[PDB]
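> Below is the structure I would like to discuss, written out as structure tokens.
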Amino acid sequence: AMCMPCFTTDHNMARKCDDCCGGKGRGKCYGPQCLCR
């Protein structure tokens, strides 16, 4: 399912997840998975 992981130890996890999902507000970190909205 995931575009990429979300690791809480990576304080930039939300910006990375957005990058994976195509830009601002497009990705959500839900537990350990970045999911494209």
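Each chain of the structure tokens is named A, B, ... in the order shown, its residues numbered from 1; ligands are numbered from 1 in display order.
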Residues near region 35-37 of chain A, anyone? I mean within 7 Å using only C-alpha atoms, not counting same-chain ones fewer than 2 positions away, as a PyMOL selection string.
chain A and resi 1-3+21+26-29+33
> Tell me, which residues of chain A carry DSSP alpha helix (DSSP H), written as a list in words?
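Of chain A, the ones in alpha helix (DSSP H) are residues 13, 14, 15, 16, 17, 18, 19, 20 and 21 of chain A.
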> Quick one: write out the picked residues with C-alpha atoms as a CSV table (one decimal), in the first residue's frame?

chain,number,residue,atom,x,y,z
A,13,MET,CA,8.7,12.2,7.7
A,14,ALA,CA,5.6,14.3,6.7
A,15,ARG,CA,7.5,16.4,4.1
A,16,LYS,CA,9.1,13.2,2.7
A,17,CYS,CA,5.7,11.4,2.5
A,18,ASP,CA,4.3,14.5,0.6
A,19,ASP,CA,7.2,14.4,-1.8
A,20,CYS,CA,6.6,10.6,-2.4
A,21,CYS,CA,2.9,11.4,-3.1
